[PDB]
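Only one structure is covered here, and it is reproduced in the block below.
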Amino acid sequence: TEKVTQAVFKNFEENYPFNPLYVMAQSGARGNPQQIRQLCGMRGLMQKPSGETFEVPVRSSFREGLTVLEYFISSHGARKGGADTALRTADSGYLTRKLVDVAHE
Amino acid sequence: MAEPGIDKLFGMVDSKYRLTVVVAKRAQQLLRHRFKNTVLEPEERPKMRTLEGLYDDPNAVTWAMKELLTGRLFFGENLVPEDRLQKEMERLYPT
Amino acid sequence: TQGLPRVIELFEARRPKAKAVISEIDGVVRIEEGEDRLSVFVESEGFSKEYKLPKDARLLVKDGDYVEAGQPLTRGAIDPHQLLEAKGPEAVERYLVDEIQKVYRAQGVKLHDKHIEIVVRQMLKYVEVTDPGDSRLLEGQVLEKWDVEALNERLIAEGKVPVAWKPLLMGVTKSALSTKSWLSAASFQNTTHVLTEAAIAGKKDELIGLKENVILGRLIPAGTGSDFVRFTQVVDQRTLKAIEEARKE
Amino acid sequence: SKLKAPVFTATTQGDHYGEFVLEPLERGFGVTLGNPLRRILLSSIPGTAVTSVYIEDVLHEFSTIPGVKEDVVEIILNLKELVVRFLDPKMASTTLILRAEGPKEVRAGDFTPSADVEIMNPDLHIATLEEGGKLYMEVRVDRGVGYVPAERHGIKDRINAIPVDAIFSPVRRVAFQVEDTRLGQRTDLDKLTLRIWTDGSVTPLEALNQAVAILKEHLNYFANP
Amino acid sequence: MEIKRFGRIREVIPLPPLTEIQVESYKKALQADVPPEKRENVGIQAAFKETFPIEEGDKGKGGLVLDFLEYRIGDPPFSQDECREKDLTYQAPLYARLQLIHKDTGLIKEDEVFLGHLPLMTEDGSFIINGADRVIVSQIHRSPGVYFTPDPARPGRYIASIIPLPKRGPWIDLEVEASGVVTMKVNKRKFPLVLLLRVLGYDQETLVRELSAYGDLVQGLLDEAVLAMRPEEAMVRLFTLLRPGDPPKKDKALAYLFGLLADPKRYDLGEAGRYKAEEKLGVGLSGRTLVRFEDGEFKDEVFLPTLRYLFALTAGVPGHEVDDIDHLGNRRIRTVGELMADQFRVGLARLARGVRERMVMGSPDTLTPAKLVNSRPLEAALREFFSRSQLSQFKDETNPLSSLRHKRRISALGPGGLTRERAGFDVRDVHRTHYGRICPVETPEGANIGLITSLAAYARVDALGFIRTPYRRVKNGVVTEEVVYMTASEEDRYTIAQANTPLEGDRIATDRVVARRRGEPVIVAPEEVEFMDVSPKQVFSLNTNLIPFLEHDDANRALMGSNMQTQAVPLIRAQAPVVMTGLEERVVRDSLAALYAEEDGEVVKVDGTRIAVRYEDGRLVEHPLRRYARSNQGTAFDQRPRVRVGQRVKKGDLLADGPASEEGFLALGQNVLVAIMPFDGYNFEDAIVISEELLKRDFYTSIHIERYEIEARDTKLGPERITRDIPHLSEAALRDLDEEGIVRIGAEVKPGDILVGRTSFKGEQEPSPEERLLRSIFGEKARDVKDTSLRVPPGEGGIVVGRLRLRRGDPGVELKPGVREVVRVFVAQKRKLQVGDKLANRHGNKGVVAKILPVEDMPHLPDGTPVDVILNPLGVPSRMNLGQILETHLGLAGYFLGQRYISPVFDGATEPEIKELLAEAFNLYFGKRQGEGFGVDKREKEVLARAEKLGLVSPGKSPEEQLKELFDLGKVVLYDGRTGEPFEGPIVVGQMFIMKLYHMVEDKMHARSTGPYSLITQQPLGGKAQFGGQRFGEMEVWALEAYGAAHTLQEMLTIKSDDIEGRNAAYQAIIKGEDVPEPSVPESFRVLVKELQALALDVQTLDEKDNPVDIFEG
Amino acid sequence: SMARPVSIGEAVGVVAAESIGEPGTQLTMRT
Amino acid sequence: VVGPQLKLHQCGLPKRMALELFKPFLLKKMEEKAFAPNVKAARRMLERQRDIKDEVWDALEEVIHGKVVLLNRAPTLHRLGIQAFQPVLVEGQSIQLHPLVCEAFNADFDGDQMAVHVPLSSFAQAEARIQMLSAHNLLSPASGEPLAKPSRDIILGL
Ligand SMILES: CO[C@H]1/C=C/O[C@@]2(C)Oc3c(C)c(O)c4c(O)c(c(/C=N/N5CCN(C)CC5)c(O)c4c3C2=O)NC(=O)/C(C)=C\C=C\[C@H](C)[C@H](O)[C@@H](C)[C@@H](O)[C@@H](C)[C@H](OC(C)=O)[C@@H]1C
């Protein structure tokens, strides 16, 4: 996985230095290496919903679209992360509220 | 192009909030005595632009800030008593 | 534990998950029996401490190691309660800060130490009594409420006692409730009791902090509302020579 | 349609650099006017600049004349920064003679004091020579249109003379912007501010007035045969 | 426009009827049309048979039995619309026929008895409950059986869970404690297990036989020789411990319950209770946990072999293993029918209690049926459910897809099955096993994420309520025509092949075959295989399945797009998308939002309000078209005709379109030409730029209807009256109200304008003398009546579409006590786009309109056409919604090639195919150019040159071929309308489907300065002339504190809320032009002091030097 | 954050709480 | 909505909403500036269904002049969830926010709304300009680093 990435970014640098995706992600515009390499390279190894790592990697890359199973195995992780946000968000500013109380004076 | 020379203003005071407290009280006295209070009057007075043009800038706060950076004004922590600073203010056309 | 649970765990200042063992005294190391039950000894001539470890214990000291009092022995979290009473309040302070920033740092945030420093200062704000001066010897009192009753009952009106105290590790929320201010103590769940206890005793507020003042809708004691600034008056030049013409009549 | 015909202010410097504001304007005509003008401004305002230089003793675009501290390029570039205007109104081209003495600083005014030609910016650094200073010059000045560089024309006069970049366009910079002014209930009417930058020769108001005349002149051609 | 299909894999079976869960359940719980002899348990029949042989106090001794015989559902008193109009539950009278028996024998078979009213379903899938449509959403909970699980409170231990069908028995837990003791838990009471065993004749020896072996665990079962003695004496001490107060030997009374008889514990009749425990426990079982009445003793059935299995699991046999409380082999669905029948069961068990009390009272020879039956229990219990249970939703009506979605909704929360919104994490996670049963996308974002979910497309709920998926069977090599819907349980046994797998005719095509088995992906021999997937669709929900290039969409953005579509407001010029997944025909059709022919015939009457059709014989039907109605959500759903007066009909082809329907193809928004580039910060962050040309074309414009209501009551001071003679009012005011006090049809109604006039009495004192002398002398005589009308809320309004009136006593109309007459006025609006509307595509690209640009600006193609939306690219690679790009390219082809497409999920368009279409499309777009006598103008070149330097174009090739390449690549040379020049570097341009969403700036946004403050709280709320104030929350307070904002904060707490004195001083001051107030003492301080005093507690103020100061003096 | 010394009056206690607490928005809850 | 044409120190503000927001303010202004004799007759001549005179919008602007509004969005997570702006009369029904200010506010133009408050005392007004003005608050109070800094799209160009 690491070599596809570090050589998707080799390509862009050496020919296509002004590629949108590249230029954006090299400046501070948007994007980042893991994102890019999910678009152009390979999405890589996937974790099951129980910690274990699926020993068949998502070989595909959005551009060349991933597939049913490739899609499904790489969905468990999407949720035990999208819940992470929603469980952090729902607690309004619980920590800031604790903090404001000890300190305000 | 934010506020009329705002960095030069902070420099006058010991604490940020002083500038805030003064700019208030000066606008406060400025407001009451229909602008007949000015220390900058002549052609320094702040102005607007319209469908006509060049009419006095209504914002008292603005005035205090320009008035303050001519040095002319004097602010203090405790010199001059309030109970006698209120009455003596009615000297050249009051409220 | 890591992430946001850990940040709470520190502020709330609780016996953490994975209570990594710390040597009570300094001496030498003597790990023994890796099979039945596993235990690390700390020993010098004189003292000899025996710490029994879960086995699953990820200790990282090899045998015959030299060691320092209060230094971790088993890896994982330090119970900042065990630390306080075994290395100091100052020493505890520097641990907490260093450890919270650790999370924020490793996730990716940058924010000043002096921020966390301020809160940790409050987590220590309190002290318990040993041998009192004009109260009962069990009370939990604010550190600089019993500072005027320490090196002032010795600076002028000397006598009785300077009052002996011990530091206490209040956990942020618990350091919240125990405030001099009935006004703010009220907002909290049990309001009767505050108002009960407080009324029985003369209890004046003083309205030191913010919450208090807001409760009564008074003008916040900070910024434009800080005594240090709020009293500033402003006068004009022509107006100032209307005081030279009127203060000697 | 409603409303009224607009106001044209022009806060001016006095030679180079002019500001111009055609204020209240229908939603769009800020660009509908400012853009075509900008174009013409930097592109058709007839002017006059250096075109070919011969200097005695050795040629080429890259060299070093002994006794002269600068090098052929810094001379050639300095040259380009020289402004000059033509009095005799049917003049097509001229040549300029420069006689350079001993240890001295050579200004643009140390040129030949020939009339039919007033040197607009005579306090220019041109070049500096040390002791035993020999520099002879013959530079062609020419009437042209836009920016026509040395690569295209290839101005011959001698065989040791090197052609220069021709910046005949008294405007050297043009920039405009179109914000939007309130007008009663309407908050979104266009306000066009043109900003011109010229040399000595032609004033900005002149530039603009020329430019407006040009596009006005071209729109005419659109008339049924 | 013509249609181009894509991708291989043909579907062996069409999709199930979709509204199945809903419709087909109730039906079979309701057994409405089946001879009352055949009707066979579960549903209404069950609940009946469950309770009915109702013996009297002292069974079969004092006479009186009463038993069930059969039930009849009636004919509904009112029409389906009549009910909605007059706020009624669309119901039917359920009478039950029962016979009462004596000790001396009576055959009193009372001619039916009213048992209460029963609500019933639409054809649609939904209910009507007091007007208003409703959805009974189907819930999931743990399936009845025996389970185990590890002790989370006790590390390295195991509890033992016994679960019966819900509201039919309690939770029983065995749990060996860290103290030897074993303890049975139940009814939230915990007692030593032995007791219950002692009752089942288990001696202290037979325990050492069946339950020693594994460990010395029996140690804590045995040291209680305290009670291992007498069965009857055990029964008592248990009775004592469980439900206390009354300790004699008739414990058999209670103990019979959680033992024999379908009283409580019927974990199963022939269902899982046994099956499960016969497969997960120790084989061999009947019906209830322990069989009681055998010959007086209590015989064991489940309890021991559980206690056994638990014990053989703390050391235990290999193969003895903990249970997956998450596996969909232990998660069942409770369908409507099941929940209604469960509530129907509550009714009876209440009527029975009532009947039991009355038989005893009355004389046993007078009592008949009808004379014993309550008819209020059932009526109430069924009423309570449909109206008040959390599982009874309103109805997502925004568009026809929404409603559909709402039916196949699966919840985890609610009643009985009770997951609080403050629980679960793995209960949220997508389980391997959701594959094909529940969508792994299409969940809600925050807070509910994981607990609310949608049904997978081809999936279906089975007899006992587990979801089943279809899998094709493979006879080693061949791929059969036989499909099998199987359990998530009956699935972990086979080597299932993906549908991706190729097939030469009807057999496998490669030696390395992709497949899952027991979940994890495995590559397998063409022989190894045991089943196949029917279609990739199988895996996802409907809305998911609506996403063209799902392949190349990152899962996370795909969920947003999977939603939002729900939020799509139906448009005037609805239009199905230029690129589809096929599914759009059927979603419209199954929603029944659209009309369709009945039996191939001929059309005869075709106008705005009717389609009538001469069928093949069959008589003649006229079908009325619902026209400009109003959704539950204000959506405005209406039908449009799509057939010609006189033509042969398609056995059932579209007769008339729905609301989001264009020619029977789901049309949730519009397709439009888009540029993918930044503008001038106008598409910054997520904002969108609109070509006003859209508005001109009445494109994104939608109709919305609001509804207003006003009542009339009597009170101590008189009746409120819906008059038209409102006092103190111009004729200008009343200009529009009929002789009644109700607005006319088709009035333009502005904010403030009178909608319904009405007059309360109100007796605010009695007019003082002197001021009657003048009132008489000058004429204008005193009045007994107040204005209190309706009037249009600030900002609302539009054109008055419909009025409606229900007065007291009207035919079937009952309205709440002390109220007579209700008026409803409907107002309609036509909307159009606006700066602040939300637009989104199916790939999850949301964003708000920030700028409508006049046509002069806007990037335009050389031929002259400008684009319609400018979508910023920076919002692409961060999210990985790459499909949205793919979809635009084809849309460029489609634009010129003039066609529509069908690229289904994980089986649609492939790049080369799109590129070929593009190549084909360019020869036309430039075919035109060169045919109309043109080509490659100086601008295009300027670009092309620098374009090859970028590295997108082939150096060496001619400007023409250079253009083709660049085009084909989905890009093209674009011109800035503002300045005739181009943007250097080509821009990707095409047609894109986008929807306008639920939320509009129109419905958001208010401004308040001063207005109605409340007479309760004394802060601003209520808005009788203008809207109401924004709230300043605790977090905003901290911020003001964090600033130095002393006063700005103080202001927000005094002169801007309840501080009447200074609140008013403020207003007065500004009116005058004085520098606002300086509120010396804040009211809220004075109010504090006092509320305290009224409790005693001195509370006294002190200044600096420390002498009482005083804050009052008023 | 005027990159100066502090002015007396800054209610830092609260600036501390926010400062520490806002990035807790991006702090993982999964432990 | 995004407001790219405005200076760092400026604001969105739908004229209709700015009109209601400052209404009392505009009432006396309508007295002082001639036209409308009674303060009550003024309220009449704005209320009267709709259709406001050119001469009034002309005035609204003369009231607004130099005053600021507090904008405020969402979970107010630090002081910076409240900033101060000189309001600019605008076409339509959306407050338009400067693209730089988004950083702090953590607003996104995908549906977010903001709320707006008008301070009244010259104090409050001073207080707002001097201490909370968006353009006076350039660096983060957490870590002296720039909070109002070039971003996403501004960086692209550069
Ligand atoms: C008694 O019904 C209530 C139950 C409360 O009790 C309680 C504890 O049990 C609930 C159950 C059992 C749900 O299944 C549910 C739900 O599926 C849902 C939301 C919350 N949804 N929103 C998410 C974002 N948003 C901006 C607004 C709403 C819920 O809160 C609940 C919910 C509860 O809270 N929704 C979703 O996630 C999805 C996928 C779609 C929603 C679509 C529309 C909007 C709704 O279906 C409309 C038509 C109404 O049906 C609801 C409004 C009901 O309100 C009533 C009385 O009509 C409500 C469910």
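Protein chains in written order, with the entry's author numbering: chain A, 1000 to 1104; chain B, 1 to 95; chain C, 1253 to 1501; chain D, 4 to 228; chain E, 1 to 1114; chain F, 1210 to 1240; chain G, 632 to 789.
Just so it is clear, CB atoms sit at the ideal spot from N, CA and C, and this is done for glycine as well.
Reference residue i, options the options, closest by Cα
{"i": "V182 (chain E)", "options": "E:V869, E:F637, E:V855, E:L195", "result": "E:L195"}
{"i": "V1413 (chain C)", "options": "C:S1387, C:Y1378, C:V1355", "result": "C:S1387"}
{"i": "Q180 (chain D)", "options": "E:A747, E:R978, E:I1016, E:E984", "result": "E:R978"}
{"i": "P94 (chain B)", "options": "B:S15, B:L51, B:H33", "result": "B:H33"}
Short Cβ contact (8 Å threshold) for residue i with residue j
{"i": "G147 (chain D)", "j": "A169 (chain D)", "result": "yes"}
{"i": "residue 1117 (chain E)", "j": "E20 (chain E)", "result": "As shown, chain E starts at 1 and ends at 1114. That puts residue 1117 (chain E) outside it, with no answer to give."}
{"i": "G1044 (chain E)", "j": "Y17 (chain B)", "result": "yes"}
{"i": "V674 (chain E)", "j": "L833 (chain E)", "result": "no"}
{"i": "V56 (chain D)", "j": "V144 (chain D)", "result": "no"}
{"i": "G1316 (chain C)", "j": "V1280 (chain C)", "result": "yes"}
{"i": "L1290 (chain C)", "j": "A1309 (chain C)", "result": "yes"}
{"i": "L874 (chain E)", "j": "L731 (chain G)", "result": "no"}
Nearest-angstrom Cα separation, counted from residue j out to residue i
{"i": "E112 (chain E)", "j": "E37 (chain E)", "result": "16 Å"}
{"i": "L241 (chain E)", "j": "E1458 (chain C)", "result": "57 Å"}
{"i": "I172 (chain E)", "j": "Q139 (chain E)", "result": "22 Å"}
{"i": "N212 (chain D)", "j": "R45 (chain B)", "result": "37 Å"}
{"i": "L1040 (chain E)", "j": "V822 (chain E)", "result": "48 Å"}
{"i": "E748 (chain E)", "j": "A660 (chain E)", "result": "27 Å"}
8 Å contact criterion, which residue i and residue j should meet: CB distance rounded
{"i": "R1036 (chain A)", "j": "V1003 (chain A)", "result": "7 Å"}
{"i": "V135 (chain E)", "j": "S411 (chain E)", "result": "Contact flag wrong, Cβ pair sits at about 11 Å."}
{"i": "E1380 (chain C)", "j": "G1392 (chain C)", "result": "6 Å"}
{"i": "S765 (chain G)", "j": "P645 (chain G)", "result": "Not quite, the Cβ-Cβ distance comes to about 19 Å (not below 8 Å), so this is no contact."}
Chain E residues whose Cβ lies nearer than 9 Å to that of residue i
{"i": "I1472 (chain C)", "result": "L1040, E1041, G1044, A1045, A1046, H1047, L1049, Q1050"}
Per-residue contacts from residue i into chain E (C-beta, under 8 Å)
{"i": "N669 (chain G)", "result": "Going along chain E, no residue has its Cβ under 8 Å from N669 (chain G), so there is no contact; the nearest lies around 11 Å."}
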